[PDB]
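The next block holds one structure in the form of structure tokens; read it before the comments.
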Amino acid sequence: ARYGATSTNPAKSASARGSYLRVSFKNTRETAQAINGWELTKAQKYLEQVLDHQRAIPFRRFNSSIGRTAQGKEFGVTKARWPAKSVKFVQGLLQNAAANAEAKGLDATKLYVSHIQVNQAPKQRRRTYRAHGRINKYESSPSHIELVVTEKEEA
Amino acid sequence: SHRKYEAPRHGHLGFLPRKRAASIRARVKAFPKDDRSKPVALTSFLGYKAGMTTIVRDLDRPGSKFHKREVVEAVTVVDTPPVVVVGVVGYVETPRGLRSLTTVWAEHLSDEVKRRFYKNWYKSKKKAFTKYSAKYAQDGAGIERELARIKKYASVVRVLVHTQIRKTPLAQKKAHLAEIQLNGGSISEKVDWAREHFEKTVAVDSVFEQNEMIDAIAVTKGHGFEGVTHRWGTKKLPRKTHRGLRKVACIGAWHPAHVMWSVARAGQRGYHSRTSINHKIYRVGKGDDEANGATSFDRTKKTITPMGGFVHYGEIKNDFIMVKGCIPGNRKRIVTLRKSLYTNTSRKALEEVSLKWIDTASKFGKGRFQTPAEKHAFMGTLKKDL
RNA sequence: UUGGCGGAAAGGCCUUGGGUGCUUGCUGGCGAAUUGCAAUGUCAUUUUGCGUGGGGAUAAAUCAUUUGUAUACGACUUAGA
RNA sequence: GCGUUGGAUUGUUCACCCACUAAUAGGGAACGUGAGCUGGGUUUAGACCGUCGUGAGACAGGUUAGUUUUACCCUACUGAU
RNA sequence: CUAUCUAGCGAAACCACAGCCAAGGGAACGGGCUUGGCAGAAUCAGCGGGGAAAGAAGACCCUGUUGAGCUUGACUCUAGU
RNA sequence: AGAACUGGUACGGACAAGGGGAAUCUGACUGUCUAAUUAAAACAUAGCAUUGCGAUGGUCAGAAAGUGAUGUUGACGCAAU
RNA sequence: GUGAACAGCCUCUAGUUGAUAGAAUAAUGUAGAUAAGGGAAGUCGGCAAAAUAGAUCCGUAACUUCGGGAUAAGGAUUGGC
RNA sequence: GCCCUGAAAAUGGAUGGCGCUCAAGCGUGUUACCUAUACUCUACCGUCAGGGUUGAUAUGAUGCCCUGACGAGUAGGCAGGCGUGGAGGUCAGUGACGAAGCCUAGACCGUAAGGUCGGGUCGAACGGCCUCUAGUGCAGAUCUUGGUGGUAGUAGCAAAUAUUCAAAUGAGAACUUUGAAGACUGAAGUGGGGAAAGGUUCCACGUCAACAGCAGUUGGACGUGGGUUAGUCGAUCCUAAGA
RNA sequence: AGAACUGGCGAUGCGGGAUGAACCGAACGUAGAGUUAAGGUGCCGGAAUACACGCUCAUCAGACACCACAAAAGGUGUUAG
RNA sequence: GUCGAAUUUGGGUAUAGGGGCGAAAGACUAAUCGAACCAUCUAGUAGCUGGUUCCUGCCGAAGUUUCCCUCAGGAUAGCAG
RNA sequence: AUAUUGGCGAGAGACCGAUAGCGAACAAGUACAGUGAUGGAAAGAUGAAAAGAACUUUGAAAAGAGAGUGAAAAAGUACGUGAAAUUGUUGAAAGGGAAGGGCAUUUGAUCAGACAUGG
């Protein structure tokens, strides 16, 4: 408990977390935003296709030097990619949430992702050896991911 | 600081920037001065460049070591089926330039052209000029009005024509559409000619004739990203140079403190627009003619098509223009053949040619025979046959 | 509503014929206050979301796949019911 | 506006000859231009000589050998979305 | 084989603040100031003009009542003989 | 070692594997050194020459010594240039 | 096995198949090749490259410390049966 | 006198720019107009000066009140104050019904150093006034120690010829195991043993958080165990330079 | 580069000289109203495209102290003497 | 380049810092050499370089004299509180 | 009678308060480095009490979501408070080669000062 800022009816909502996960903070940020406010199954379906290389994740912030793809066109963008490890972890969290929702008997068909937020876990430090007898840091930038699914309210 | 020796700059700054052309169909940017005293006629034509071959002819040029003597010249052949007229566009003069006021189109358009208006034909509903057509319903007015508007205002008049690309070996089904200025006389006469030709066909032999000098307009063959050396013809640096030697060593003096628009740099080479002038017509082919490729000296029955077929193109089954020398663009590419913006009197330009012989051996290797008939005569019987 | 004219960016102009309101050309009958000695007191035109009733019309582009006249990647050019 | 060169000797700039040519003008751009090159000369440390000095050493004298680092950032410039 | 594009992995240098010019004056060569030219999101590959780019409180020079290695009939001594 | 025959005249068929000549400067040669900018014409060298010494000695060591190197030596030797 | 061979090249026994991977094939590179005609005109300088090369038989200058120089130079030959 | 010739330099460019020709140019005259932290008059802050006033009569005599003049500032001198750790004294000070601390384009006082309040968070101690005392106030010192960025998902992860099909196992297989194929080291070995050195890395079972700069079910890794058998092989004995 | 007297800059903002340590004006608590300085008043820009007599036409006019240079010498240009 | 000897090399042993060792380069003596490494004397000295921490109020400089192995420093007088 | 930065036993401080105080408040002369002489750190704080999260559900697992314990989980053996740099998400706003600042006012947001006169 204690997620970031949410403004959603907790009674119509369910949520999931993952902490100290060894995936790229920057890549997974980019992909969390890719499905933000999405209806869960659209999200689910799309992420499955990004694995299949049929659509992609737009890279909007952590993105300089990244190649260009025709697949960014959809999202008005030139620079997108296919972050498998990120997609994969986000899927696990979506899956969990979805489980938690069923347990609360929320309507699977009304569910959209109402909150999704990656921030930065503590780094994991390894060493690289460099020319002239030096050492440099070779680190991991792990992620904390949290998200929330909620029932869309009706007319 | 005063460059030690002097040399001319590499490359022409009048052909910048050296980028990819906007369209693959290079634009006609000038049509000939109009002489409104003579029959309404097209001022250019559209074709597909098919390949090159070789000619022999006597030269006619008093005072040349080669007068009254055979010379042998490269030619290029461009596949030139008839062009169909499907619209007229009228232009007015303004203090801001020529401007189009309307376009009036033909009642019926073929799929070939209609296809040019779509990116996904297979799955479109092909609604292209379907409401426009109905403008013909009414005994005329809507159409007849706009024709009248072009007569009243309108200062220059172009027809819209397209290629019949299906009459051509090309895989491409989408035809090429273009405006061509009508130079024959009188604005009113122009639009009538145009009206009368809607949906009708126009052949090259009504535009161009033997001995004529004509211009070619075409996008040049692409080559992708080039280095400085081949892109600009900059000089190789010595073998000894560190970090590579296809460069220019000095990109600039210290001031102006900015690399300047005139130094040579790597980037795109090819796929540029070129208007190439002064290409003499050496043949106007008839497609119905089974002796296309023959001469009053070489009496044999043969078509212009090489043994084996034009490499990377196929056969020539239509009217065609044969032009001396060479032309920008590559095989398969659309070319606009434009008439001269001027009255050349060159002597070279006035000469009337007559071919004596047209090469027809295979261009797919060192071909030794002009016709299947000649080959069999030479080789005698094989193990296939009979 | 009858004719016409206007392409320089015409998108406006002139015209014919009635209908309808007003008419301070002129002569009457009423009304106005207390908004209190000025202060906030005439409504203009832009977009944009919705509301009703009528007329109307009934596509494509992109990804993926494909060509190689194109190409570092994007991009270009082809093909696919 | 447009050109203004090919060589022999010298690290040379300069100089000087040969030779071609329409002509072989003169200069600037941090004495343009070394994360562009080269490293022949200068100008570290090895070394021979001549002059100088008791000597260590010295020489605007001769001679030989002597490691040429980094761009992935901004801008400019070339091209590309 | 690289570069390039993709998945995984993922450093460093450097950083007053920053980053389009012309002229002016100015610590006598401006990204900033003054007057003008101008000026349109977000970007990719290349590039070596500029950032008087970056790497060791300048190798040369001078100053200091700062040294050390070395030499000698400088000054003052000393093992030895 | 010889001879005949044979082939698109090829045949040390891949692999393997000295370019040569005429000279000038310089060091005789083989050898040696600046590990990480100098391999050289610098150092060595054999050869030549000079110097000291007969042991109570020459040359050198040690603070001193019943102390030490040459010396398991003796001038065809040891020591110093 | 080839061959003069503990060379190079291919093999048996034994041992490996481990040193991120996928898709492309721009510039510029790094490493490997080739170029018509000319032949050092390039350059401080033939730097780099190229050319020679095994064996058999012929032949082989000046000079010399008489040992050399010398694979001097220059030529013919080379498979298979 | 004005004007013209005399009058040649390097990025494109400067009467400041536009542009101006009975001027918006040059000489001269006459009015009006614009505008400085200056001048004039007034309010307020402070500084300095002069003067009045506890004579009995509530609350500051280093006070209250009246009057005139004055205000630039580096190095630097002096003054009056703001704030911190601790100390004597005092408010019989605040506090678990919430001390201290922290957060807050909320509020109020002060020219300022600062002080005060609300709200949030928090959890055990703390403050005002008169004094005393100093290890007492940071932006810098290529300052010290720590922590963090842009750079950047960038440079890169290209030497050592080379991999492929299938099955098995597994949550998961480009990378494990088995099979097949293709290849390499080529006995001057990528074969089989040792010396120095390491010290358990050897073998088995289990097993993947970290480590093996992709991965991992694999390992020289992690956990738990097992394992080195001498009259004849060494040391041990001998002597060497020498100690 | 070096002296004399004074005034400045340095230590100093403000208004003018586009810009600018030092020129012109004027020195500075917080403000209100008025007036000016030096300098300006076509437009940029607050302020007469004011008034008056002349002079000047430049195929290189000219335009304001310090100040961002110009001379000898010439003109049948035009002015007045 | 050399490649059967002034050859290459293991281990053992000896030489220690104004000392060693040097076919001699001021070379080498544990990434250290024109005097190694370690600790202490030591917070070595510095006329030189850098930095030196709250506010406001008042006053407010000097770059000159004389003397100094004085000339990037002091003392002295002046200016200032 | 005098000395006493050592040893043993004690009483103290206007001393320091975990970057301070001895190098060491801790398995500190430790871990680690170096052939060697020597060099030599970092590192304290859940809660009164482990009551250290039974059980259910998703997952290969780590974990998540519930539940539960507790005065509190805004204390979960990453643990008291939990600043800054720097970061994610949400909300508002601006943005033609930097951004930030001054005087002034428009517009939007936000906050005030009132306080009393017969019914």
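Chain labels run A, B, ... following the order of the structure tokens; each chain numbers its residues from 1, and ligands are numbered from 1 in the order shown.
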Using only C-alpha atoms (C1' of nucleotides), find which residues of chain C lie within 10 Å of chain A and jot them down as a PyMOL selection string.
chain C and resi 62-64+73-75
When you look at residue I:9 with a cut-off of 12 Å (counting only C-alpha atoms (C1' of nucleotides)), what residues show up, excluding the ones that are within fewer than 4 positions of it in the same chain? I need them as a VMD selection string.
chain I and resid 21 to 23
Selected residues written out with C-alpha atoms (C1' of nucleotides), as a PDB file, in the first residue's frame:
ATOM      1  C1'   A I  21      36.727  52.946 -16.781  1.00  0.00           C
ATOM      2  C1'   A I  22      38.563  58.126 -17.772  1.00  0.00           C
ATOM      3  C1'   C I  23      34.566  63.050 -22.531  1.00  0.00           C
TER       4        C I  23
END
Applying 9 Å and only C-alpha atoms (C1' of nucleotides), which residues near residue A:20 remain after dropping the ones on its own chain fewer than 5 positions away? List them as a ChimeraX atom specification.
/A:120-122,142-145
Excluding residue C:8 and its own-chain neighbours fewer than 5 positions away, which residues fall within 12 Å of it when counting only C-alpha atoms (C1' of nucleotides)? Please give them as a list in words.
residues 92, 93, 94, 95, 96, 97, 98, 99 and 153 of chain B
Determine which residues of stretch 165-286 of chain B DSSP labels as strand (DSSP E) from the backbone of this structure, then write them out as a ChimeraX atom specification.
/B:177-181,201-202,213-219,225-226,267-268,273-285
Quick one: everything within 10 Å of residue B:27, counting only C-alpha atoms (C1' of nucleotides), minus sequence neighbours fewer than 4 positions away in the same chain. Send it as a PyMOL selection string.
chain B and resi 21-23+178-179+217-219+273-275+335-336
When the cut-off is 12 Å and we count only C-alpha atoms (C1' of nucleotides), which residues of chain B are near chain D, given as a PyMOL selection string?
chain B and resi 1-9+16-20+224-228+231-232+237-269
Selection above as a file: N, CA and C atoms, as a short mmCIF file (atom, residue, chain, number, x, y, z; two decimals), in the first residue's frame:
data_model
loop_
_atom_site.label_atom_id
_atom_site.label_comp_id
_atom_site.auth_asym_id
_atom_site.auth_seq_id
_atom_site.Cartn_x
_atom_site.Cartn_y
_atom_site.Cartn_z
N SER B 1 46.73 30.45 -47.68
CA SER B 1 46.49 31.72 -46.98
C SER B 1 47.00 32.37 -48.16
N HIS B 2 46.17 32.22 -49.16
CA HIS B 2 46.43 32.18 -50.57
C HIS B 2 46.92 30.77 -50.80
N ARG B 3 46.01 30.03 -51.42
CA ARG B 3 46.09 28.63 -51.69
C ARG B 3 47.30 28.43 -52.60
N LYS B 4 48.18 27.51 -52.28
CA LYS B 4 49.48 27.48 -52.97
C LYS B 4 49.42 27.39 -54.49
N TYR B 5 48.60 26.47 -55.00
CA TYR B 5 48.34 26.41 -56.44
C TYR B 5 46.87 26.57 -56.67
N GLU B 6 46.54 26.92 -57.88
CA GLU B 6 45.21 27.27 -58.18
C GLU B 6 44.51 26.09 -58.90
N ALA B 7 43.25 25.82 -58.56
CA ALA B 7 42.46 24.87 -59.34
C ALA B 7 40.97 25.18 -59.37
N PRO B 8 40.27 24.64 -60.35
CA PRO B 8 38.86 24.99 -60.39
C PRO B 8 38.14 24.28 -59.26
N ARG B 9 37.03 24.82 -58.71
CA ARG B 9 36.28 24.14 -57.64
C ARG B 9 35.72 22.86 -58.15
N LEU B 16 22.62 22.35 -56.72
CA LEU B 16 22.41 22.08 -55.31
C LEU B 16 20.93 22.19 -55.06
N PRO B 17 20.45 21.78 -53.88
CA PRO B 17 21.18 20.89 -52.97
C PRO B 17 21.12 19.54 -53.63
N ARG B 18 22.07 18.70 -53.32
CA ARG B 18 22.16 17.43 -53.95
C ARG B 18 21.30 16.38 -53.23
N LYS B 19 19.98 16.64 -53.16
CA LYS B 19 19.03 15.81 -52.40
C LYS B 19 18.19 14.91 -53.31
N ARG B 20 17.47 13.97 -52.73
CA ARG B 20 16.50 13.26 -53.56
C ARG B 20 15.36 14.15 -54.12
N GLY B 224 22.18 6.33 -53.35
CA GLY B 224 22.26 6.26 -51.92
C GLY B 224 23.28 7.24 -51.42
N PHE B 225 23.78 6.98 -50.22
CA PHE B 225 24.58 7.95 -49.52
C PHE B 225 25.97 7.81 -50.03
N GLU B 226 26.55 8.87 -50.62
CA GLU B 226 27.94 8.80 -51.11
C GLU B 226 28.89 9.62 -50.36
N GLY B 227 30.08 9.09 -50.22
CA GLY B 227 31.22 9.90 -49.86
C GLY B 227 31.70 11.00 -50.82
N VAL B 228 32.51 11.85 -50.25
CA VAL B 228 32.93 13.06 -50.92
C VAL B 228 33.62 12.78 -52.29
N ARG B 231 31.01 11.40 -54.86
CA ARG B 231 30.00 12.43 -54.95
C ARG B 231 30.48 13.72 -55.65
N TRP B 232 31.71 14.18 -55.41
CA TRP B 232 32.15 15.49 -55.89
C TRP B 232 33.40 15.44 -56.73
N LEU B 237 42.93 11.31 -50.74
CA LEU B 237 44.14 11.69 -49.96
C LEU B 237 45.20 10.55 -50.01
N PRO B 238 46.49 10.82 -49.68
CA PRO B 238 47.60 9.84 -49.83
C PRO B 238 47.34 8.51 -49.15
N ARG B 239 48.07 7.46 -49.45
CA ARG B 239 47.74 6.20 -48.83
C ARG B 239 47.99 6.29 -47.34
N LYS B 240 48.90 7.19 -46.97
CA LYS B 240 49.39 7.25 -45.63
C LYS B 240 48.40 7.90 -44.69
N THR B 241 47.27 8.38 -45.17
CA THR B 241 46.60 9.23 -44.23
C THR B 241 45.80 8.43 -43.22
N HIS B 242 45.92 8.82 -41.93
CA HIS B 242 45.22 8.21 -40.78
C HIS B 242 43.75 8.50 -40.90
N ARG B 243 42.93 7.57 -40.42
CA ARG B 243 41.50 7.83 -40.36
C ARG B 243 40.88 7.99 -41.73
N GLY B 244 41.43 7.30 -42.74
CA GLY B 244 40.79 7.25 -44.04
C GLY B 244 41.07 8.34 -45.04
N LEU B 245 40.86 8.03 -46.31
CA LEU B 245 41.37 8.92 -47.32
C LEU B 245 40.41 9.32 -48.42
N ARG B 246 39.17 8.82 -48.40
CA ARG B 246 38.14 9.40 -49.23
C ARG B 246 37.50 10.65 -48.60
N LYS B 247 38.28 11.68 -48.27
CA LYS B 247 37.65 12.82 -47.59
C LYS B 247 38.10 14.08 -48.31
N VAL B 248 37.72 15.27 -47.83
CA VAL B 248 38.50 16.46 -48.18
C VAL B 248 39.25 16.87 -46.90
N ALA B 249 40.52 17.25 -46.98
CA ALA B 249 41.33 17.30 -45.76
C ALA B 249 40.90 18.47 -44.98
N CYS B 250 40.60 19.57 -45.66
CA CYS B 250 40.29 20.79 -44.96
C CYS B 250 38.91 21.25 -45.31
N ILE B 251 38.00 21.23 -44.35
CA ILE B 251 36.60 21.58 -44.53
C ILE B 251 36.38 23.10 -44.44
N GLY B 252 37.41 23.80 -43.97
CA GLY B 252 37.33 25.25 -43.86
C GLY B 252 38.49 25.89 -43.15
N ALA B 253 38.72 27.16 -43.47
CA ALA B 253 39.58 28.00 -42.64
C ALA B 253 38.99 28.25 -41.25
N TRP B 254 39.75 28.90 -40.41
CA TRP B 254 39.32 29.14 -39.07
C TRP B 254 38.17 30.14 -39.10
N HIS B 255 38.29 31.30 -39.72
CA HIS B 255 37.10 32.05 -40.06
C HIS B 255 36.78 32.05 -41.55
N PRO B 256 35.51 32.26 -41.91
CA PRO B 256 34.26 32.24 -41.14
C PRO B 256 34.23 31.01 -40.23
N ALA B 257 33.94 31.12 -38.94
CA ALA B 257 33.90 29.95 -38.08
C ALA B 257 32.67 29.07 -38.25
N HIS B 258 32.51 28.51 -39.44
CA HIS B 258 31.35 27.73 -39.83
C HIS B 258 31.71 27.00 -41.08
N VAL B 259 31.49 25.70 -41.12
CA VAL B 259 31.61 24.96 -42.37
C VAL B 259 30.69 25.60 -43.36
N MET B 260 31.15 25.82 -44.60
CA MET B 260 30.41 26.66 -45.55
C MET B 260 29.70 25.87 -46.61
N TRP B 261 28.60 26.43 -47.09
CA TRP B 261 27.79 25.79 -48.10
C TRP B 261 28.59 25.40 -49.36
N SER B 262 29.71 26.04 -49.65
CA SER B 262 30.42 25.57 -50.78
C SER B 262 31.46 24.42 -50.58
N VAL B 263 31.83 23.95 -49.37
CA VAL B 263 32.72 22.76 -49.34
C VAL B 263 32.02 21.40 -49.59
N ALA B 264 32.74 20.41 -50.12
CA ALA B 264 32.14 19.12 -50.49
C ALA B 264 31.89 18.27 -49.26
N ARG B 265 30.73 17.59 -49.21
CA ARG B 265 30.42 16.75 -48.05
C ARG B 265 29.73 15.46 -48.44
N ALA B 266 29.88 14.41 -47.64
CA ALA B 266 29.12 13.18 -47.97
C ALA B 266 27.58 13.37 -47.88
N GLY B 267 26.88 12.65 -48.75
CA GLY B 267 25.44 12.64 -48.75
C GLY B 267 24.93 12.02 -50.02
N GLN B 268 23.65 12.20 -50.27
CA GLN B 268 22.95 11.49 -51.32
C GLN B 268 23.61 11.77 -52.65
N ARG B 269 23.71 10.75 -53.50
CA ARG B 269 24.17 10.95 -54.89
C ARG B 269 23.18 10.27 -55.81
#
Which one of B:90, B:14, B:39, B:82 sits closest to chain C if you count only C-alpha atoms (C1' of nucleotides)?
B:90
From atom CA of residue A:135 to atom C1' of residue H:158 the spacing works out at 22.5 Å
Can you tell me which residues surround stretch 38-44 of chain J at a distance of at most 12 Å, considering only C-alpha atoms (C1' of nucleotides), apart from same-chain residues fewer than 3 positions away, and format the answer as a PDB file with N, CA, C and O atoms (P, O5', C5', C4', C3', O3' and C1' of nucleotides), in the first residue's frame?
ATOM      1  P     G K  34      48.303  -6.267  -3.292  1.00  0.00           P
ATOM      2  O5'   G K  34      49.765  -5.889  -2.827  1.00  0.00           O
ATOM      3  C5'   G K  34      50.408  -4.753  -3.327  1.00  0.00           C
ATOM      4  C4'   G K  34      51.521  -4.346  -2.437  1.00  0.00           C
ATOM      5  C3'   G K  34      52.460  -5.438  -2.037  1.00  0.00           C
ATOM      6  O3'   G K  34      53.363  -5.788  -3.057  1.00  0.00           O
ATOM      7  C1'   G K  34      51.923  -4.102  -0.155  1.00  0.00           C
ATOM      8  P     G K  36      54.370  -8.735   2.048  1.00  0.00           P
ATOM      9  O5'   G K  36      55.493  -8.062   2.909  1.00  0.00           O
ATOM     10  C5'   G K  36      56.572  -8.828   3.397  1.00  0.00           C
ATOM     11  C4'   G K  36      57.710  -7.945   3.819  1.00  0.00           C
ATOM     12  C3'   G K  36      57.331  -6.738   4.650  1.00  0.00           C
ATOM     13  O3'   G K  36      57.223  -7.059   6.016  1.00  0.00           O
ATOM     14  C1'   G K  36      58.782  -6.090   2.901  1.00  0.00           C
ATOM     15  P     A K  37      56.219  -6.271   6.956  1.00  0.00           P
ATOM     16  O5'   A K  37      57.052  -5.005   7.368  1.00  0.00           O
ATOM     17  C5'   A K  37      58.225  -5.128   8.116  1.00  0.00           C
ATOM     18  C4'   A K  37      58.957  -3.854   8.070  1.00  0.00           C
ATOM     19  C3'   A K  37      58.172  -2.649   8.536  1.00  0.00           C
ATOM     20  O3'   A K  37      58.265  -2.510   9.925  1.00  0.00           O
ATOM     21  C1'   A K  37      59.278  -2.167   6.479  1.00  0.00           C
ATOM     22  P     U K  38      57.083  -1.875  10.783  1.00  0.00           P
ATOM     23  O5'   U K  38      56.837  -0.514  10.037  1.00  0.00           O
ATOM     24  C5'   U K  38      55.560   0.034   9.907  1.00  0.00           C
ATOM     25  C4'   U K  38      55.355   0.545   8.521  1.00  0.00           C
ATOM     26  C3'   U K  38      54.006   1.128   8.260  1.00  0.00           C
ATOM     27  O3'   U K  38      53.935   2.470   8.658  1.00  0.00           O
ATOM     28  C1'   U K  38      54.489  -0.428   6.579  1.00  0.00           C
ATOM     29  P     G K  39      52.625   3.017   9.386  1.00  0.00           P
ATOM     30  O5'   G K  39      51.546   2.939   8.217  1.00  0.00           O
ATOM     31  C5'   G K  39      51.664   3.784   7.100  1.00  0.00           C
ATOM     32  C4'   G K  39      50.733   3.396   5.995  1.00  0.00           C
ATOM     33  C3'   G K  39      49.273   3.453   6.302  1.00  0.00           C
ATOM     34  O3'   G K  39      48.759   4.770   6.430  1.00  0.00           O
ATOM     35  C1'   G K  39      49.729   1.509   5.069  1.00  0.00           C
TER      36        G K  39
END
Residues near stretch 58-66 of chain I, cut-off 8 Å, only C-alpha atoms (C1' of nucleotides), skip fewer than 4 positions along chain, as a list in words
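Non-adjacent residues within range: residues 3, 4, 15, 25 and 26 of chain H; 23 of chain I.
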I'd like a table as a tab-separated table: residues in chain E with an atom no more than 7 Å from chain A, each row giving the shortest atom pair and its distance in Å to one decimal, only C-alpha atoms (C1' of nucleotides) counted, sorted by chain and rising residue number.
residue	atom	partner	partner_atom	distance
E:5	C1'	A:67	CA	6.2
E:10	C1'	A:138	CA	6.6
E:11	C1'	A:138	CA	6.2
If you measure from atom CA of residue A:87 to atom CA of residue A:47, what distance in Å do you get, rounded to one decimal?
6.3 Å
From stretch 166-196 of chain B, collect each residue whose DSSP state is helix (DSSP H, G or I) and return the set as a list in words.
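Restricting stretch 166-196 of chain B to helix (DSSP H, G or I) produces residues 166, 167, 187, 188, 189, 190, 191, 192, 193, 194, 195 and 196 of chain B.
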Please, what distance in Å, to one decimal, runs between atom CA of residue B:41 and atom CA of residue B:183?
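For atom CA of residue B:41 relative to atom CA of residue B:183, the distance reads 5.7 Å.
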Pick from A:58, A:10, A:76, A:18 nearest to residue A:92, counting only C-alpha atoms:
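Once distances to residue A:92 are computed over only C-alpha atoms, the minimum belongs to A:18.
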Please report as a tab-separated table every residue of chain J lying within 8 Å of stretch 68-80 of chain H, along with the nearest atom pair and their distance in Å (one decimal), using only C-alpha atoms (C1' of nucleotides).
residue	atom	partner	partner_atom	distance
J:57	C1'	H:80	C1'	7.3
J:58	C1'	H:79	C1'	7.7
J:60	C1'	H:76	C1'	7.7
J:61	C1'	H:75	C1'	7.3
J:80	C1'	H:77	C1'	7.6
J:81	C1'	H:77	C1'	4.0
Output N, CA, C and O atoms (P, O5', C5', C4', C3', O3' and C1' of nucleotides) for every residue in the selection just made, as a PDB file, in the first residue's frame.
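Final file, out14.pdb:
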ATOM      1  P     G J  57      22.266  51.077   5.711  1.00  0.00           P
ATOM      2  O5'   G J  57      22.388  51.525   7.237  1.00  0.00           O
ATOM      3  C5'   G J  57      21.803  52.697   7.725  1.00  0.00           C
ATOM      4  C4'   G J  57      22.583  53.224   8.882  1.00  0.00           C
ATOM      5  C3'   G J  57      23.742  54.090   8.531  1.00  0.00           C
ATOM      6  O3'   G J  57      23.358  55.361   8.102  1.00  0.00           O
ATOM      7  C1'   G J  57      24.344  52.638  10.265  1.00  0.00           C
ATOM      8  P     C J  58      24.255  56.102   7.035  1.00  0.00           P
ATOM      9  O5'   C J  58      25.512  56.546   7.895  1.00  0.00           O
ATOM     10  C5'   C J  58      25.514  57.710   8.677  1.00  0.00           C
ATOM     11  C4'   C J  58      26.802  57.819   9.446  1.00  0.00           C
ATOM     12  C3'   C J  58      28.043  58.122   8.647  1.00  0.00           C
ATOM     13  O3'   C J  58      28.146  59.446   8.194  1.00  0.00           O
ATOM     14  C1'   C J  58      28.537  56.435  10.177  1.00  0.00           C
ATOM     15  P     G J  60      34.092  61.311   5.205  1.00  0.00           P
ATOM     16  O5'   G J  60      35.205  60.198   4.928  1.00  0.00           O
ATOM     17  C5'   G J  60      36.519  60.285   5.419  1.00  0.00           C
ATOM     18  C4'   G J  60      37.268  59.046   5.038  1.00  0.00           C
ATOM     19  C3'   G J  60      37.302  58.743   3.554  1.00  0.00           C
ATOM     20  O3'   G J  60      38.287  59.473   2.884  1.00  0.00           O
ATOM     21  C1'   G J  60      36.652  56.802   4.697  1.00  0.00           C
ATOM     22  P     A J  61      38.163  59.746   1.324  1.00  0.00           P
ATOM     23  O5'   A J  61      38.877  58.462   0.661  1.00  0.00           O
ATOM     24  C5'   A J  61      40.199  58.531   0.119  1.00  0.00           C
ATOM     25  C4'   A J  61      41.242  58.019   1.078  1.00  0.00           C
ATOM     26  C3'   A J  61      42.585  57.733   0.475  1.00  0.00           C
ATOM     27  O3'   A J  61      43.380  58.876   0.299  1.00  0.00           O
ATOM     28  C1'   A J  61      41.969  55.897   1.737  1.00  0.00           C
ATOM     29  P     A J  80      42.695  62.118   5.892  1.00  0.00           P
ATOM     30  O5'   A J  80      42.442  60.610   6.139  1.00  0.00           O
ATOM     31  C5'   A J  80      41.539  59.935   5.318  1.00  0.00           C
ATOM     32  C4'   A J  80      41.123  58.662   5.942  1.00  0.00           C
ATOM     33  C3'   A J  80      40.581  58.765   7.342  1.00  0.00           C
ATOM     34  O3'   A J  80      39.246  59.242   7.402  1.00  0.00           O
ATOM     35  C1'   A J  80      42.182  57.100   7.307  1.00  0.00           C
ATOM     36  P     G J  81      38.656  59.788   8.811  1.00  0.00           P
ATOM     37  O5'   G J  81      38.565  58.449   9.697  1.00  0.00           O
ATOM     38  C5'   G J  81      37.526  57.499   9.495  1.00  0.00           C
ATOM     39  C4'   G J  81      37.656  56.356  10.460  1.00  0.00           C
ATOM     40  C3'   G J  81      37.334  56.662  11.931  1.00  0.00           C
ATOM     41  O3'   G J  81      35.962  56.605  12.198  1.00  0.00           O
ATOM     42  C1'   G J  81      39.365  55.509  11.812  1.00  0.00           C
TER      43        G J  81
END
